[PDB]
Amino acid sequence: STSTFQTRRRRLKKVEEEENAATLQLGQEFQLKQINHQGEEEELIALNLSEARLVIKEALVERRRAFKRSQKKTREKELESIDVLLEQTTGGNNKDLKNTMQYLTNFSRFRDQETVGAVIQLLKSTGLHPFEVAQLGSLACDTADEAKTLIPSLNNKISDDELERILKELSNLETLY
Amino acid sequence: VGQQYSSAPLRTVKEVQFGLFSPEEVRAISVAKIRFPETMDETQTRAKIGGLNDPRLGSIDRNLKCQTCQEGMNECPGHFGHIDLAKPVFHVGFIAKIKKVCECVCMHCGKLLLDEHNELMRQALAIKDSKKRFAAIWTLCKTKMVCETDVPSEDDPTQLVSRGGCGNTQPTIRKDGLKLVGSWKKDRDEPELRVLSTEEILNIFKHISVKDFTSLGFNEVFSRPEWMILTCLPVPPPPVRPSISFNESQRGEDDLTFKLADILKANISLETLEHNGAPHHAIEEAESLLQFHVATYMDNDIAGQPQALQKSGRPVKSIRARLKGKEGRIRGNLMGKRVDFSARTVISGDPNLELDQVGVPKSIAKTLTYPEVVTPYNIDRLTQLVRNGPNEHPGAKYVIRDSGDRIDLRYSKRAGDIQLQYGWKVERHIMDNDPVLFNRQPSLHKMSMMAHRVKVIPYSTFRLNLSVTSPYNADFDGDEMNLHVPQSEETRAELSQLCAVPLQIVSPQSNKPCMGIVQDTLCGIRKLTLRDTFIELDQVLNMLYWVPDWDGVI
Amino acid sequence: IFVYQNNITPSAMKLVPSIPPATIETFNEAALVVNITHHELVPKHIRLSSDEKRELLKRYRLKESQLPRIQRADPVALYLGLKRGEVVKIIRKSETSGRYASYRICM
Amino acid sequence: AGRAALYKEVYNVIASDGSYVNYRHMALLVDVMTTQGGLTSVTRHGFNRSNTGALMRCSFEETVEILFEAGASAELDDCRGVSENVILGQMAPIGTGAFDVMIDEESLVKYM
Amino acid sequence: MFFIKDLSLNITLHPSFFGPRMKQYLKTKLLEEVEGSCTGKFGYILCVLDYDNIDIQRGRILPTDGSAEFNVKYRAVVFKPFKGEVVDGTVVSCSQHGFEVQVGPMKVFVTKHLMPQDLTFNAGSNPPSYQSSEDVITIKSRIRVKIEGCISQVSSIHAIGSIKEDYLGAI
Amino acid sequence: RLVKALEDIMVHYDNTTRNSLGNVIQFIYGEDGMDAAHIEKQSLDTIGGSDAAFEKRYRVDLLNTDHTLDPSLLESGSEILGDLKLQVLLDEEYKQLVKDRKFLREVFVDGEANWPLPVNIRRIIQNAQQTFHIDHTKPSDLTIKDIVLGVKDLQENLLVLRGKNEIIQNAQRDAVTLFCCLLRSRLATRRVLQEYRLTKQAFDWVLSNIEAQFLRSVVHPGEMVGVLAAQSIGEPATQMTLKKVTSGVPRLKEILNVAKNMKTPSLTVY
Amino acid sequence: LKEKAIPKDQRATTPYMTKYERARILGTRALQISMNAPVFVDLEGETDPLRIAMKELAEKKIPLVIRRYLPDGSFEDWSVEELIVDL
Amino acid sequence: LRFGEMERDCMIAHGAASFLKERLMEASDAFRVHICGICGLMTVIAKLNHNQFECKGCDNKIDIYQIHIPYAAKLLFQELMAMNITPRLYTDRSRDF
DNA sequence: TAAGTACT
RNA sequence: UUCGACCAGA
DNA sequence: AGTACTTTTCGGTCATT
Ligand SMILES: [Mg+2]
Ligand SMILES: [Zn+2]
Ligand SMILES: [Zn+2]
Ligand SMILES: [Zn+2]
């Protein structure tokens, strides 16, 4: 299959598979405390759309490059620009990635690696948990209610005013179209 | 091995975790209710009833079905079934402990009989060795027969401290057949003998403490004392107790398949008593019968005589019996097996082979085969062997292609045809210089088995060189010997690089060479030496020609 | 160290391990008439500092259990009086290489 | 000193016959018999009781008797024993198998 | 919600490919058996990051066939919806039992009776839709759903979501 | 039995003898780490022999007309006589050969000086001999420093164990001691020049070979010595076809059983 | 696991290749060669795998790595290249 | 013919590792079974087609291994199980050492 | 055959 | 197949 | 403590189930 950096000693009685809810209780495979290859610890990695769009593109790109060192031996405008990056460094039969790029590129909220950076620098002062610090980034929210309700894991973790300021600076950073 | 690809990753066994089946597990695992004791005949109609063997379990009659698991016969190992007993029964082999455990704990409350409070016990609780704590613990409390409620702590013998309660005197216990009985001493006089019902024992155990298990040689997850008593009985699938058909309209059932049949019967009969005219204790006359069968099925060579003879007086192969040393599974199936690619005949000496050779008779060379992989290096040679056929000597008798399918060279309408494919295998005949393992039993030497060079020769005998005689310890008064044929490019290596006779010449068992010169060659090597003995030209010339490595310098 | 003559009463001996740290040992006369360590066969043993031991282990990557053992009541174990855990280094002659170094832990 | 005797005596049994065995062998055995603590006998009584796995002892003199008390005390077998593997159909860690082999991708390039 | 988890996989290479650019082939295969895969414990594997510093370590030769087995350690972008997770996607299919929204690589389905009431279902529409007082839901229409529950299956994941709470519906 | 009792024993890569538990059974296979196969009965010359004859052979005194190497043997014969800095090495040597003597006599009390030892030295020289057509006539060309200082440099390379520390490297010395006694026995100045007229060439050769040869006689971590040792004993047990002691087969049986009531009990008091 | 991996330095095992090692390397390599694996030496006309192996093994052109495990579990890694081949 | 106990001990002596296996597996028994990565048993209901794997009870479908062991050994195990004893087959050591 | 434990 | 007997052998 | 019991100790034939 594809094991995951943490040999959990299963001693016969596998029964306690908790629920998966926005009680910030994600499968054991997504605790806030997971392990890095080097063997070190590291916070979970939560990607809000458009921030993901950038990580993928960024690797799918730098792939086409090292895919040629060896070779020798605007919204609607990016759809076409990405389709190619696939039909060059993708399996082509990865119908998921195709569909993940449309979506990921259609509902995205940022175009500059400089804009997504500030978004992060911003939300990363909240002390909030990765999963929230994601939704907040990928979901439009005008009120503290639209937020503290579509992300019920927040509720008591931040004053509505405060969370309302954040929401302000987001629509202010939200790149146009 | 097994054939048919499986998307399941493949690993090697690293640990073997020994445990005891928990009734609850046994149930979960099973795929068969197993209520009927009969075999098949849905009223003579041939098939199999959802009763015993295949109420969803494995199969027979060469028919896929193994719970859709298909694959059929070869590939579908068995699928345990179960059979909910009537009343708890002992485990013929555990009786020993089950008993030695009670003697370690008192009923009613079910708890140890010596806490950290008794010092002699302390020492027995530091010893880290399941086999040893439990061997010392037992020796300590097998004597005390009063579940003390108040004992003198680490201070004054005057002051008495408390712990668990219920002084209910502890009965000593003895073993009569398959039941445990004990006497309770009453003071004022005279004993009180009563049979310890399994139902009862089982219970006292169920209540033994979590730390109490462990303290006594056990394991909370894999082996709780309470499991030594059978509540649910796993039902081995056909492949453990296969049949034997003489075509059709006959039988062929296996010993085991009968003891289950009995166990089953004896179980039901019980059941229909506790829900009918139950003359209370005219039942425990038929509950002993179950304890019996479910006992004898596993072990049938006990002390309490009754061999459980099967109509005709034949003993009955208990499961135990199948593993018992030599001639059986462990020692005679696993530690040692019958194998393929092997031959044996009569050995005779031949003063014309080099030491490291072994004359193999064409007969065999044409029978024994070595799987070679079609390679550009050989394509040619290989295709020729194939063509040649399986009757001519240097030839082959089986070509196998990537598509995991065997081409039988002696029948196949294409024998003459066929162009090999790099990657195919062409089981060919053993050929001059195919390293083989030769051997003469009893093998009690590294040397009793050495690698030789195959030299295909006429006539029917393994012809070995003389000097390699004393190592195998063989004569030719009709002595036979075994030959084994390697199979992987790397297997050969292991023979040729470590077992080759030239290598065995000097032995560590006595830091001196282990083969020399005998009979003629020796007796004659002396005569040929003597000052007195001279040789003239004509002959000294022939003698020279004979040493193959003569520098041609008379 | 207490040297008895013909024997000690089973009522007395059960008073030795009642005052730690200190320790006591019981030796019979008839057993001390000759020193066993002087015997042709018995090679010389040696105690090891809990420093020298924690070493032996580290240098061989041994766990306490994989070490050869000597009996808590072994004649020489008494002569030197080891303690459950102490390691003795046994050095003897050898018909293969002059001297051979061996180690015996205690149980 | 006991080892010293146990050996001496065993040596003699093989000398009386006018045969010869290199120290090391008789030694090893005489040693296996001793280390543990005292005089461990070469019999189902002794050695086949040691901490060795189950499956291993399982194959000599007590089999089932042994297996039974194995799962009843939930033992765990290392599978380091020659036997252990032979019973599993795996390559025992023995000579040819006392180590592993790998394709060093690095060195697999300098070669060309 | 989308993640970047650290994973590993074992590939069994046939001696055949014990070439010069083996590394190359390995990686290549890594990707054949991952990008596009699916699990319940990882969900949708979408893209292997840092194609270049992929750790192969020394692979060990098996022992009956020269095939070698390397533990290719890597890192990639994953995505496994959860229950109670709010996401917006484009509708795809729409019937008389509800419409199905497509949140990324996955398809979340909303039941007719898991929506509001003032929202009925218009059959004789082209293309098929769901009408309201001021709202209208059909194909391309973007929706924001609340995934009530997840159901893993084969090489995909489905889930049922609702639009009956607040701040849920069209946009 | 013997077998089943020692299956699991083999020499591990640390050059230790263990079983499936990792229980050291021998710290160095056979108390020397040598593979039985590479061994022959040699004679430790330093052992037997009258205290008198021992001198006449290994003793060299550069400060004496009658106890020095006659210049007919060494090339720098006459220019040595008297030198005091050499007579120190030359004396160091002798004090050692002597330390040796006593040592052996403490190990092999019987006086028996023939023992199985890796590296057949006798022959290794025998070849050195007729390989360089060495003439028992003309004088050598070895420095007394040449000899003594190279024989010392040899012992440093006869490595059985390797370890980078004291406890280990201390074992090394141990599992080599006996061999070296045999070594110095045969590579003593006097001997090296008077008995087997070696030249520098010869000697530097005889050395190189002993090293390599030795290094080959070690034991290969991998050997399943247990089963070996078992058989090596149990094999000649079958061949046993049969002063009033208990005897062979029945006795061996008596031994492996560790029986409390042995037929013959005896006990020899000197 | 890397605490169980010993550095190329501090290394302690035998500098020379054990008889079983080479025994196996040759076999192992032979096997692979017979599988149509790449050969790193010009076949001087050879055509037998174990024969080609023996050759590869002499020009020490064998891309294999012998990992030596120790009683406690920690191992050492050597290369056919490194290992001396006396025998 | 028969590669009995003694014939084994011999190869063991020889250090002829792989050869020993080849005799024991490939040229005899050799069988392929499926295990539960949870409860080391033969339970696994492998449909080796629709790749379904399951193992209700320890209830799996995900963590499943496949192994090669002498059929006789499979049997040994099944036989032991029939005797209510559980021999767990684990593909990874967790007791270190 | 003959010995060794466990068992009566 | 299984038990058992015999054998026959080296 | 004495007596009985158990284990362990590489081909074809016949007869009965
Ligand atoms: Mg004969
Ligand atoms: Zn099936
Ligand atoms: Zn009580
Ligand atoms: Zn399971």
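Here Cβ is always computed from backbone atoms with ideal geometry, including for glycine, and neighbour counts include all displayed protein chains. Each value in this text was obtained by applying a stated rule to the coordinates, not by laboratory testing.
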Those residues that are within 9 Å of chain E (Cβ to nearest Cβ) and of a type in the set (S, T, N, Q), I need them from segment A:1-24; list them, please.
-> A:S1, A:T2, A:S3, A:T4, A:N20, A:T23
Report, by residue number, each residue of segment B:468-494 that is of a type in the set (D, E) and either within 16 Å of ligand 2 (Cβ to nearest atom) or more than 7 Å from every other protein chain (Cβ to nearest Cβ) (or both).
-> B:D475, B:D477, B:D479, B:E480
Tell me, which residue of segment B:20-49 that is charged (D, E, K, R) and closer than 30 Å to B:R224 by Cα is surrounded by the fewest Cβ atoms within 10 Å (Cβ to Cβ)?
-> B:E24
Quick one: which of F:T199, F:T238, F:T189 is more than 16 Å from ligand 2 (Cβ to nearest atom), polar (S, T, N, Q) and either closer than 24 Å to C:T96 by Cβ or within 12 Å of another protein chain (Cβ to nearest Cβ) (or both)?
-> F:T238
Based on what the data block shows, is D:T63 surrounded by fewer than 23 Cβ atoms within 10 Å (Cβ to Cβ), over 14 Å from the mean Cα position of the chain (by Cα) and of a type outside the set (A, V, I, L, M, F, W, C)?
-> yes
Among (1) among the small types (G, A, S); (2) more than 30 Å from B:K425 (Cβ to Cβ); (3) within 16 Å of DNA strand K (Cβ to nearest atom) - the single one B:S460 does not satisfy | (2)
Residues B:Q4, B:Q17: which one is at the interface with another protein chain (Cβ under 7 Å from one of its Cβ atoms) and buried (at least 19 other Cβ atoms within 10 Å of the Cβ)?
-> B:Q17
Taking segment B:68-98 as the region of interest, how many residues are closer than 21 Å to B:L233 by Cα and not small (G, A, S)?
-> 17
Need at least 1 residues that are away from RNA strand J (no atom under 16 Å from the Cβ) and among the basic types (K, R) per element, so show me which strands (runs of 3 or more DSSP E) inside segment B:418-506 make the cut, counting only ones lying wholly within it.
-> B:449-457, B:461-464
Residues of segment F:1-20 being more than 20 Å from D:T96 (Cα to Cα) and in contact with a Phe, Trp or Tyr (Cβ under 9 Å, 6 or more places away or on another chain), which ones?
-> F:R1, F:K4, F:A5
Do we have any residue at all in segment B:379-397 that's touching a strand residue (DSSP E or B) at 6+ places or on another chain (Cβ under 9 Å), within 14 Å of chain G (Cβ to nearest Cβ), surrounded by 21 or more Cβ atoms within 10 Å (Cβ to Cβ) and not aromatic (F, W, Y)?
-> yes
Mind listing whichever residues of segment C:41-83 are among the small types (G, A, S) and either part of a helix (DSSP H, G or I) or under 19 Å from D:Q36 (Cα atoms) (or both)?
-> C:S50, C:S65, C:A73, C:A77
Among (1) within 14 Å of chain H (Cβ to nearest Cβ); (2) more than 30 Å from B:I302 (Cα to Cα) - the single one B:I60 does not satisfy = (1)
All but one of (1) under 28 Å from the mean Cα position of the chain (by Cα); (2) within 16 Å of DNA strand K (Cβ to nearest atom) hold for F:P250, so report the exception by its number.
-> (1)
Considering only segment C:31-46, state which residues are surrounded by fewer than 13 Cβ atoms within 10 Å (Cβ to Cβ) and under 20 Å from C:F2 (Cβ atoms).
-> C:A31, C:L32, C:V33, C:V34, C:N35
Sort through D:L28, D:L55, D:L39 and tell me the only one that's in contact with a helix residue (DSSP H, G or I) (Cβ under 8 Å, 6 or more places away or on another chain) and either within 16 Å of ligand 1 (Cβ to nearest atom) or under 21 Å from H:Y71 (Cα atoms) (or both).
-> D:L55
Only one of B:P508, B:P471, B:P435 that is buried (at least 20 other Cβ atoms within 10 Å of the Cβ) and closer than 28 Å to B:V374 by Cβ | B:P435
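Results for (1) touching a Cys at 6+ places or on another chain (Cβ under 6 Å); (2) more than 11 Å from chain F (Cβ to nearest Cβ); (3) assigned to a helix (DSSP H, G or I); (4) under 21 Å from F:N19 (Cα atoms), shown as yes or no for each residue.
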| site | (1), (2), (3), (4) |
| --- | --- |
| D:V21 | no, no, no, no |
| D:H25 | no, no, yes, yes |
| D:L29 | no, no, yes, yes |
| D:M33 | no, no, yes, yes |
| D:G37 | no, yes, no, yes |
| D:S41 | no, no, no, yes |
| D:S73 | no, yes, no, no |
Filtering segment B:128-184 down to residues that are within 14 Å of chain D (Cβ to nearest Cβ) and surrounded by 13 or more Cβ atoms within 10 Å (Cβ to Cβ), which residue is nearest to ligand 1 (Cβ to nearest atom)?
-> B:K131
The correct count of residues that are part of a strand (DSSP E or B), buried (at least 18 other Cβ atoms within 10 Å of the Cβ) and not aromatic (F, W, Y) in segment E:91-104 is 6
For segment F:39-67 the number of residues that are surrounded by fewer than 21 Cβ atoms within 10 Å (Cβ to Cβ) and within 8 Å of another protein chain (Cβ to nearest Cβ) is 1
Give the residue, chosen from H:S28, H:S18, that is surrounded by 24 or more Cβ atoms within 10 Å (Cβ to Cβ), polar (S, T, N, Q) and more than 16 Å from ligand 2 (Cβ to nearest atom).
-> H:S18
Boolean, B:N352 is more than 16 Å from DNA strand K (Cβ to nearest atom), more than 14 Å from chain G (Cβ to nearest Cβ), among the polar types (S, T, N, Q) and assigned to a loop (DSSP other than H, G, I, E, B) = yes
Out of curiosity, is B:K33 more than 16 Å from DNA strand K (Cβ to nearest atom) and within 14 Å of chain H (Cβ to nearest Cβ)?
-> no
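For (1) surrounded by 22 or more Cβ atoms within 10 Å (Cβ to Cβ); (2) farther than 21 Å from D:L88 by Cα; (3) facing chain B (nearest Cβ under 7 Å), each residue gets a yes or a no:
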residue	(1), (2), (3)
H:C39	yes, no, no
H:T43	yes, no, yes
H:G57	no, yes, yes
H:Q66	no, no, yes
H:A73	yes, no, yes
H:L76	yes, no, yes
H:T86	yes, no, yes
H:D96	no, no, no
Being facing another protein chain (nearest Cβ under 9 Å), more than 16 Å from DNA strand I (Cβ to nearest atom), surrounded by fewer than 17 Cβ atoms within 10 Å (Cβ to Cβ) and among the aromatic types (F, W, Y), is that true of even one residue in segment B:408-425?
-> yes
A:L85: passes all of (1) of a type in the set (A, V, I, L, M, F, W, C); (2) at the interface with another protein chain (Cβ under 7 Å from one of its Cβ atoms); (3) crowded, with 16+ Cβ neighbours inside 10 Å but (2)
